[PDB]
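In case you want the letters, here they are:
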Amino acid sequence: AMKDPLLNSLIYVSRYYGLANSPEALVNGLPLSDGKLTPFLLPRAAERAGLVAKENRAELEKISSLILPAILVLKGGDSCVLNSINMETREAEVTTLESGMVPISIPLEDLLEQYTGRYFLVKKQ
């Protein structure tokens, strides 16, 4: 059972890129907090995966579909992958710690209420 939301989100993106990385490799040599990744460590974890991750600020509806999947920082130390947003149906597709590796649909309103305004742009090295 995965408990680290940022690690779950990073593993999903690594896998989306066909990059095989144990959760172990991704945290190797990093100083975790209460056993978990934080936004401060995530660029170095991404490097260990063969990715580049960079934190940015944007309102949710300003994030381009073109850069997805992105990792959203959510209130309370949580995170998810943003896979897509449909503005017609007002639904977002996200991958959460509870959904594991499976993207799920949620109401856009719900994501807006938890989103902090900060996200990671993730791409291959």
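Let me sum up the structure you'll find in this document.

### Topic: helix 1 (residues 5-16)
Over its twelve residues, helix 1 runs 17 Å from end to end, which matches the ideal 16 Å to within 8%, given 1.5 Å per residue. Summarising burial for helix 1: ten of the twelve residues are buried, a large majority. Residues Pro5, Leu6, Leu7, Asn8, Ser9, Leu10, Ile11, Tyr12, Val13 and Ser14 constitute the buried set of helix 1. The N-cap of helix 1, judged by a side-chain oxygen 3.2 Å from the amide nitrogen of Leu6 a few residues on, is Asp4. A positive phi of about 70° marks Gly18, the residue just after helix 1.

### Notes on the pairing of strand 2 (residues 70-74)
Here strand 2 lies mainly inside the structure; five of its five residues are buried. Burial along strand 2 is two-sided: the residues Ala70, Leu72 and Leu74 and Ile71 and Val73 are all buried. Note that strand 2 and strand 3 (residues 78-86) share five bridges and pair antiparallel. Residue pairing for strand 3: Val73 is matched across the bridge by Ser79. Where strand 2 folds back onto strand 3 in an antiparallel hairpin, the turn is made up of three residues, including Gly76, whose phi is positive at roughly 75°. One ladder, built from three bridges, connects strand 2 with strand 6 (residues 115-124); its direction is antiparallel. The residue bridging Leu72 from the neighbouring strand is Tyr119, located in strand 6.

### Digging into the environment of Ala25
The topology assignment puts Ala25 in helix 2 (residues 23-27). A C-alpha to C-alpha distance of 10 Å links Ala25 and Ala46, two positions 21 residues apart in sequence.

### Some points on the pattern of salt bridges
Counted according to the given criterion, the structure contains two salt bridges. Salt-bridge contacts for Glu55 lead to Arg118; the nearest nitrogen and oxygen are separated by 4.0 Å. Taken as a pair, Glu55 in strand 1 (residues 51-57) and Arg118 in strand 6 lie far apart in primary sequence, 63 residues in all. Owing to a relative accessible area of 34%, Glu55 belongs among the partly exposed residues under this scheme. Judged by relative accessible area, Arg118 falls into the partly exposed class, the value being 31%. One salt bridge connects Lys75 with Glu113, and the closest N-O pair in it is separated by 3.4 Å. Of this pair, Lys75 sits in the loop between strand 2 and strand 3 while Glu113 sits in helix 4 (residues 108-114), and the two are 38 residues apart along the sequence. Exposure remark for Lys75: the relative accessible area of 41% places this residue in the partly exposed category.

Calculation rules
- Residues numbered from 1 in each chain as written, not as in the entry; some residues may be left out.
- Heavy atoms only, no water.
- Helix = DSSP H or I, 4+ residues; strand = E, 2+ residues; numbered from the N terminus.
- Expected span 1.5 Å × (residues − 1).
- Buried < 20%, exposed > 50% of the residue type's maximum accessible area, 1.4 Å probe, protein only.
- Polar contact = N/O pair within 3.5 Å; in protein donor to acceptor, adjacent residues only side chain to side chain.
- Pairing = 2+ DSSP bridges.
- Salt bridge = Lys/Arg side-chain N within 4 Å of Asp/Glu carboxyl O.

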